[PDB]
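**Q** This structure is in structure tokens; I'll ask about it shortly.
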There are 2 protein chains.
Amino acid sequence: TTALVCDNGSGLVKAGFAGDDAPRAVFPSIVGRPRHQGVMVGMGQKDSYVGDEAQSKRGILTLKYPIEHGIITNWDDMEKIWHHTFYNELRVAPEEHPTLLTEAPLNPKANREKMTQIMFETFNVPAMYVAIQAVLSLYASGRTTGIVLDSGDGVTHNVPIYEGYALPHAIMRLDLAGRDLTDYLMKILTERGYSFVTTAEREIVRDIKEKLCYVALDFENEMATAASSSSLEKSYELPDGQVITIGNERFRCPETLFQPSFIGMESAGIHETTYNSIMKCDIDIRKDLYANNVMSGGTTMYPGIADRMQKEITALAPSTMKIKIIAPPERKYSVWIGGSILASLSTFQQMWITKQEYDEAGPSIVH
Amino acid sequence: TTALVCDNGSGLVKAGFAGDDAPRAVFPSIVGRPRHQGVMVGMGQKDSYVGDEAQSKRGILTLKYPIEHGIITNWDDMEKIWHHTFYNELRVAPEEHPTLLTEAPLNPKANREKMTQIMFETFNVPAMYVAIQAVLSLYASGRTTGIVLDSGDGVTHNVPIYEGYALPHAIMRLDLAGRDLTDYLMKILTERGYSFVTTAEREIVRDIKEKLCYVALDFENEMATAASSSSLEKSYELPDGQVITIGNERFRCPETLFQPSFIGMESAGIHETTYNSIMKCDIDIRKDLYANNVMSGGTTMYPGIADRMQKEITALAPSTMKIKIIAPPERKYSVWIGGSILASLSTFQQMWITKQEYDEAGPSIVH
Ligand SMILES: Nc1ncnc2c1ncn2[C@@H]1O[C@H](COP(=O)(O)OP(=O)(O)O)[C@@H](O)[C@H]1O
Ligand SMILES: Nc1ncnc2c1ncn2[C@@H]1O[C@H](COP(=O)(O)OP(=O)(O)O)[C@@H](O)[C@H]1O
Ligand SMILES: [Mg+2]
Ligand SMILES: [Mg+2]
């Protein structure tokens, strides 16, 4: 039989059967209602378009992201996410395969029960396991020690794990990135005349957040060469034909990740949450959290990541401490390659959630 | 029995049975009373002459177009238009056929109501639907996206539709074309000494507006070769036997369509109403409003369009944006071939206004 690794990604939900190297389906999670008068006869339309189709029919719909600060807004849209994914993307019956689901490292209750229960009664899954996204990135990297940085649009997390136990008193949740980085980029993109106010227009901002934005080596010195008239500015092209040229704001927006003063929020940067979680761990283990710092999520692919984070930590940490930050190719699919490695392993398969146990004990013993 | 497609044109009402060729009866809406005393007695002639006998017996009558600025002058003449077409052209019973009527995109309330209500109570049709004249040209052209140009004597319109929704905030109505081009032609025909002024006499001007006039490619450069002593004159023959030679004024009159300062009205050319409506639409859709510009109506049958319109848009439009214009053969009957395609389709017959529903709720829910 076949098993399915399905990641409830922040962006960028990822789905694909076990092995060999990639998700079969990746999509930007948006659901979109029709916001204008439909005058055509027929009409040949869907009641609501999900992604990909909601990313090829922008501006005639009203985009609704179904996950907001790590909570899924309603299961009415969520069941349609699931159904769409299984039937017209993966092309599989849920009863066919035991599944693998992902969750958040720090989340409220009740969100793992309600998921497990609704998916068991609605889609009639035969067995299930639900993993937090951070744990899976250890399997992908081949590590069993380290602080895990799982960063997606828009909840990041900072989890310390040591061979092979979790440190409860050192776990930090930042709501700092990344949809708020999108929202900030749109707010400092107003300075260059072309505005992108609406929900639909925000997706275009995300494409300029991917490609053109970059993290610097040091803020003060990038501000210095920005003052120079020699152009380091980059020209983006807009679907109507227009060319938008951004320069200084290009490195100002991502710098927010190490300087939350741009949002003005009271929370501290990835720099300091790394230090403050390490300096709340036991003395012996602090040695091996340094050099096993493991990054993940699509948002960590910027040029100055990890060597900004490195240079800043090496300055605050004691003299001659060995610090190297683990940055593998294609981090956006790291989590999925984790799940892929995990569910194939012998043998405590007999620690999963299964229909027979669910029949007697329901959605209890899930945390 | 079989549905009847009758389009309440701007000009130029068109009427014809369900498909597939062209309307059975077309006439330019004129009613005309006899303006001189009767002396032969009896006398075998009507109280007011309808077409086509009112276009042969010109000069003994006072011609009155009943559709003025898109408003119908009174239902006394309108009911007579209807009665004359159904009885004395088509030879059809209104009680027998579900009918299909058209109206304008932006026009005053309650002129679609009062029309629908009078046609149900006077002619006792069994079912009816009222379509805006522009939407039907999409079905005829075989597309479902684009800005629709329905241009007739005396009201043109600019409606943007995107697969298959309509933008309420982007609809532009010009009262500029075509009867004011007729009036301008009549004022510059005085320039060659022919004093043409009367209501009847205006019709002959309309025929010279069709055949002899031509749209240029660049005004200043068409004026340049006009400035050479060599002829630009074309010779028209007039019913009394006279030969009229127009040349210079020949390209001056149609140019009014892109140069409305010739009339002196504050409104801007089809060029600029296209651009200003497209750049009032949301960013993503703007790409496909370009290159799916769809022309229609008899007044667009000048050979110098669409490449005047093309060259003008290409001058204002951003670089690298493709511009193509959808312009079929026989554009005057585009709308009618639309109506034929529409009313023949299943299953939207149960979205028509039917006699039972009209009896139940009167002239409500028409829009
Ligand atoms: N090259 C890139 N540079 C910066 N951000 C990127 C890049 N590619 C993708 N992203 C970001 O990755 C985000 C998706 O995060 P995701 O990987 O889904 O997080 P997670 O798996 O933890 O939920 C997107 O919202 C997008 O902005
Ligand atoms: N070859 C032509 N060149 C220019 N004008 C034309 C030509 N053929 C017809 N027309 C014009 O078309 C007008 C009718 O427009 P029409 O298409 O009937 O308006 P509508 O679309 O709103 O019903 C007439 O008044 C006539 O002057
Ligand atoms: Mg994550
Ligand atoms: Mg028309």
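Every chain in the structure tokens has a letter given in the order shown (A, B, ...), and although residue numbers restart at 1 in each chain, ligands are simply numbered from 1 in the order shown.
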Distance limit 8 Å, reference ligand 3, atoms considered: only C-alpha atoms and all ligand atoms. Which residues make the cut? Give them as a list in words.

**A**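 So, counting only C-alpha atoms and all ligand atoms, the residues near ligand 3 are residues 9, 10, 104, 133, 134, 150, 151, 152, 155, 156, 157, 296, 297 and 335 of chain A.
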
**Q** Taking C-alpha atoms for each residue, export the selection above as an mmCIF file, in the first residue's frame.

**A**
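Saved to result36.cif:
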data_model
loop_
_atom_site.group_PDB
_atom_site.id
_atom_site.type_symbol
_atom_site.label_atom_id
_atom_site.label_comp_id
_atom_site.auth_asym_id
_atom_site.auth_seq_id
_atom_site.Cartn_x
_atom_site.Cartn_y
_atom_site.Cartn_z
ATOM 1 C CA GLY A 9 2.472 24.568 5.273
ATOM 2 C CA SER A 10 2.022 28.208 6.203
ATOM 3 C CA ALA A 104 2.512 23.837 14.822
ATOM 4 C CA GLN A 133 7.048 20.863 11.471
ATOM 5 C CA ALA A 134 10.210 21.537 13.503
ATOM 6 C CA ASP A 150 10.799 26.932 11.214
ATOM 7 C CA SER A 151 9.773 30.179 9.482
ATOM 8 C CA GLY A 152 6.688 30.537 7.220
ATOM 9 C CA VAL A 155 4.227 32.222 12.137
ATOM 10 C CA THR A 156 7.879 31.364 12.883
ATOM 11 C CA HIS A 157 9.124 29.173 15.792
ATOM 12 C CA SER A 296 14.015 25.708 7.618
ATOM 13 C CA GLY A 297 10.982 27.132 5.723
ATOM 14 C CA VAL A 335 9.839 19.736 6.112
#

**Q** Please list as a PyMOL selection string every residue within 9 Å of residue 288 (chain A), counting only C-alpha atoms and excluding residues in the same chain fewer than 5 positions away.

**A** chain A and resi 145-146+162+293

**Q** Within 6 Å of chain A, which residues of chain B show up? Give each one with its shortest atom-to-atom distance in Å (one decimal) and the two atoms involved, counting only C-alpha atoms, rows by chain then rising residue number, as a Markdown table.

**A**
| residue | atom | partner | partner_atom | distance |
| --- | --- | --- | --- | --- |
| B:164 | CA | A:40 | CA | 5.1 |
| B:165 | CA | A:38 | CA | 4.1 |
| B:166 | CA | A:37 | CA | 5.8 |
| B:282 | CA | A:59 | CA | 5.7 |
| B:286 | CA | A:240 | CA | 5.4 |
| B:287 | CA | A:240 | CA | 5.1 |
| B:318 | CA | A:241 | CA | 5.2 |
| B:321 | CA | A:241 | CA | 5.7 |

**Q** Please build the interface table for chain B against ligand 4 with a cut-off of 12 Å, listing for each qualifying residue the nearest atom pair and the distance in Å to one decimal; count only C-alpha atoms and all ligand atoms, order rows by chain and increasing number, and write it as a tab-separated table.

**A**
residue	atom	partner	partner_atom_place_in_ligand_line	distance
B:7	CA	ligand 4	1 (Mg)	8.8
B:8	CA	ligand 4	1 (Mg)	8.5
B:9	CA	ligand 4	1 (Mg)	5.4
B:10	CA	ligand 4	1 (Mg)	5.5
B:11	CA	ligand 4	1 (Mg)	7.8
B:12	CA	ligand 4	1 (Mg)	8.8
B:13	CA	ligand 4	1 (Mg)	9.5
B:14	CA	ligand 4	1 (Mg)	10.4
B:70	CA	ligand 4	1 (Mg)	10.5
B:102	CA	ligand 4	1 (Mg)	9.5
B:103	CA	ligand 4	1 (Mg)	9.4
B:104	CA	ligand 4	1 (Mg)	8.3
B:105	CA	ligand 4	1 (Mg)	10.3
B:131	CA	ligand 4	1 (Mg)	11.8
B:132	CA	ligand 4	1 (Mg)	9.3
B:133	CA	ligand 4	1 (Mg)	5.9
B:134	CA	ligand 4	1 (Mg)	6.9
B:135	CA	ligand 4	1 (Mg)	10.4
B:136	CA	ligand 4	1 (Mg)	10.0
B:137	CA	ligand 4	1 (Mg)	9.2
B:148	CA	ligand 4	1 (Mg)	10.2
B:149	CA	ligand 4	1 (Mg)	8.3
B:150	CA	ligand 4	1 (Mg)	4.4
B:151	CA	ligand 4	1 (Mg)	5.2
B:152	CA	ligand 4	1 (Mg)	5.1
B:153	CA	ligand 4	1 (Mg)	8.4
B:154	CA	ligand 4	1 (Mg)	9.5
B:155	CA	ligand 4	1 (Mg)	7.9
B:156	CA	ligand 4	1 (Mg)	7.0
B:157	CA	ligand 4	1 (Mg)	8.0
B:158	CA	ligand 4	1 (Mg)	10.7
B:159	CA	ligand 4	1 (Mg)	11.8
B:173	CA	ligand 4	1 (Mg)	11.9
B:177	CA	ligand 4	1 (Mg)	10.9
B:178	CA	ligand 4	1 (Mg)	10.7
B:295	CA	ligand 4	1 (Mg)	10.2
B:296	CA	ligand 4	1 (Mg)	7.2
B:297	CA	ligand 4	1 (Mg)	5.1
B:298	CA	ligand 4	1 (Mg)	7.8
B:299	CA	ligand 4	1 (Mg)	9.0
B:300	CA	ligand 4	1 (Mg)	10.2
B:331	CA	ligand 4	1 (Mg)	9.6
B:332	CA	ligand 4	1 (Mg)	7.9
B:333	CA	ligand 4	1 (Mg)	9.3
B:334	CA	ligand 4	1 (Mg)	9.0
B:335	CA	ligand 4	1 (Mg)	7.2
B:336	CA	ligand 4	1 (Mg)	9.9
B:338	CA	ligand 4	1 (Mg)	11.8

**Q** So which residues touch residue 197 (chain A) within 10 Å, counting only C-alpha atoms, skipping near sequence neighbours fewer than 6 positions away, as number ranges by chain?

**A** A: 183, 186-187, 190

**Q** Take the residues from that selection and write them out as an mmCIF file, in the first residue's frame, keeping N, CA, C and O atoms.

**A**
data_model
loop_
_atom_site.group_PDB
_atom_site.id
_atom_site.type_symbol
_atom_site.label_atom_id
_atom_site.label_comp_id
_atom_site.auth_asym_id
_atom_site.auth_seq_id
_atom_site.Cartn_x
_atom_site.Cartn_y
_atom_site.Cartn_z
ATOM 1 N N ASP A 183 3.265 42.698 4.537
ATOM 2 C CA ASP A 183 2.514 43.885 4.881
ATOM 3 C C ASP A 183 3.408 45.126 5.064
ATOM 4 O O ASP A 183 3.072 46.218 4.604
ATOM 5 N N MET A 186 4.671 46.185 1.529
ATOM 6 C CA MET A 186 3.651 46.985 0.883
ATOM 7 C C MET A 186 3.567 48.392 1.453
ATOM 8 O O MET A 186 3.267 49.349 0.746
ATOM 9 N N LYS A 187 3.867 48.577 2.748
ATOM 10 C CA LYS A 187 3.816 49.886 3.357
ATOM 11 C C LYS A 187 5.003 50.764 2.998
ATOM 12 O O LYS A 187 4.847 51.974 2.849
ATOM 13 N N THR A 190 4.802 51.966 -0.905
ATOM 14 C CA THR A 190 4.042 53.189 -1.160
ATOM 15 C C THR A 190 4.929 54.395 -1.423
ATOM 16 O O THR A 190 4.551 55.319 -2.137
#

**Q** Looking only at helix (DSSP H, G or I) from DSSP on the backbone, list the matching residues of region 79-321 of chain B as number ranges by chain.

**A** B: 79-90, 113-122, 136-141, 179-188, 190-192, 202-211, 219-227, 248-255, 260-262, 270-278, 283-289, 298-300, 307-316

**Q** Print the selection's residues with C-alpha atoms to a file, as a CSV table (one decimal), in the first residue's frame.

**A**
chain,number,residue,atom,x,y,z
B,79,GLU,CA,-45.6,50.7,-30.3
B,80,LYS,CA,-46.0,51.7,-33.9
B,81,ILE,CA,-42.4,50.6,-34.7
B,82,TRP,CA,-43.2,47.2,-33.1
B,83,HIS,CA,-46.6,46.8,-34.7
B,84,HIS,CA,-45.2,47.7,-38.2
B,85,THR,CA,-42.2,45.3,-37.9
B,86,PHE,CA,-44.2,42.3,-36.5
B,87,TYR,CA,-47.3,42.7,-38.8
B,88,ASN,CA,-46.0,44.4,-42.0
B,89,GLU,CA,-42.5,43.0,-42.2
B,90,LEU,CA,-42.0,39.6,-40.5
B,113,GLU,CA,-39.4,48.6,-17.1
B,114,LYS,CA,-42.0,50.9,-19.0
B,115,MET,CA,-40.8,49.1,-22.3
B,116,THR,CA,-41.2,45.6,-20.9
B,117,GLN,CA,-44.5,46.5,-19.2
B,118,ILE,CA,-46.0,48.1,-22.3
B,119,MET,CA,-44.8,45.2,-24.6
B,120,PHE,CA,-46.5,42.6,-22.3
B,121,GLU,CA,-49.8,44.6,-22.0
B,122,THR,CA,-50.0,45.8,-25.6
B,136,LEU,CA,-24.3,39.9,-27.1
B,137,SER,CA,-21.3,40.9,-29.2
B,138,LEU,CA,-19.0,38.7,-27.0
B,139,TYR,CA,-21.0,35.6,-27.8
B,140,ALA,CA,-20.9,36.6,-31.5
B,141,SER,CA,-17.1,37.2,-31.5
B,179,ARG,CA,-25.4,61.5,-35.2
B,180,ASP,CA,-23.0,64.3,-34.2
B,181,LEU,CA,-20.6,63.1,-36.9
B,182,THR,CA,-23.7,63.3,-39.2
B,183,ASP,CA,-24.3,67.0,-37.9
B,184,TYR,CA,-20.6,67.8,-38.4
B,185,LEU,CA,-20.6,66.4,-41.9
B,186,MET,CA,-23.6,68.6,-42.6
B,187,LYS,CA,-21.8,71.7,-41.3
B,188,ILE,CA,-18.7,71.0,-43.5
B,190,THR,CA,-21.7,73.9,-46.5
B,191,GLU,CA,-18.0,74.4,-47.2
B,192,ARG,CA,-18.7,73.1,-50.8
B,202,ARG,CA,-30.2,64.9,-43.2
B,203,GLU,CA,-30.7,61.3,-44.3
B,204,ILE,CA,-28.8,61.9,-47.6
B,205,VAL,CA,-25.9,63.2,-45.5
B,206,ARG,CA,-26.0,59.9,-43.5
B,207,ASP,CA,-25.5,57.9,-46.8
B,208,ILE,CA,-22.4,60.1,-47.7
B,209,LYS,CA,-21.1,59.4,-44.2
B,210,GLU,CA,-21.1,55.7,-44.9
B,211,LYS,CA,-19.5,55.3,-48.3
B,219,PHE,CA,-3.7,63.4,-39.0
B,220,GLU,CA,-0.8,65.8,-39.6
B,221,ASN,CA,0.6,63.5,-42.3
B,222,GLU,CA,-2.8,63.0,-44.0
B,223,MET,CA,-3.0,66.9,-44.0
B,224,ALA,CA,0.5,67.0,-45.5
B,225,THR,CA,-0.4,65.1,-48.7
B,226,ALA,CA,-3.8,66.9,-48.7
B,227,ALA,CA,-1.8,70.2,-49.0
B,248,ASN,CA,-10.3,67.6,-47.8
B,249,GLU,CA,-13.4,67.5,-45.6
B,250,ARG,CA,-13.6,63.7,-46.4
B,251,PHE,CA,-10.9,62.7,-43.9
B,252,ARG,CA,-11.7,65.7,-41.6
B,253,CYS,CA,-15.1,64.5,-40.6
B,254,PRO,CA,-14.4,60.9,-39.3
B,255,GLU,CA,-11.3,62.0,-37.5
B,260,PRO,CA,-13.7,65.4,-30.3
B,261,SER,CA,-12.4,69.0,-30.0
B,262,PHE,CA,-13.8,69.2,-33.6
B,270,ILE,CA,-12.1,56.4,-28.0
B,271,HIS,CA,-8.3,56.0,-27.5
B,272,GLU,CA,-8.4,57.8,-24.2
B,273,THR,CA,-11.7,56.3,-22.9
B,274,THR,CA,-10.2,52.9,-23.6
B,275,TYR,CA,-7.0,53.7,-21.7
B,276,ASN,CA,-8.7,55.5,-18.7
B,277,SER,CA,-11.2,52.6,-18.3
B,278,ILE,CA,-8.4,49.9,-18.5
B,283,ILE,CA,-3.8,45.2,-12.2
B,284,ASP,CA,-4.1,41.5,-13.1
B,285,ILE,CA,-7.0,41.9,-15.4
B,286,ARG,CA,-5.4,44.8,-17.4
B,287,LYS,CA,-3.1,42.3,-19.3
B,288,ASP,CA,-6.1,40.6,-20.9
B,289,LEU,CA,-8.1,43.8,-21.5
B,298,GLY,CA,-22.1,49.7,-38.2
B,299,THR,CA,-20.2,53.0,-37.5
B,300,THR,CA,-17.0,51.0,-36.9
B,307,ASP,CA,-5.1,50.6,-37.0
B,308,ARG,CA,-5.7,54.3,-36.1
B,309,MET,CA,-6.9,53.0,-32.6
B,310,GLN,CA,-4.0,50.5,-32.5
B,311,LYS,CA,-1.3,53.1,-33.3
B,312,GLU,CA,-2.9,55.5,-30.8
B,313,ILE,CA,-3.1,53.0,-27.9
B,314,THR,CA,0.4,51.7,-28.7
B,315,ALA,CA,1.7,55.3,-28.2
B,316,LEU,CA,0.2,55.7,-24.7

**Q** Kindly give the distance, in Å, that separates atom 26 (C, counted along the ligand's line) of ligand 1 and CA of residue 301 (chain A), rounded to a single decimal.

**A**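 A separation of 9.1 Å between them.
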
**Q** Give me every strand (DSSP E) residue in region 12-81 of chain A, going by DSSP on the backbone, as a ChimeraX atom specification.

**A** /A:13-17,25-27,31-34,49-50,61-64,67-68,71-72
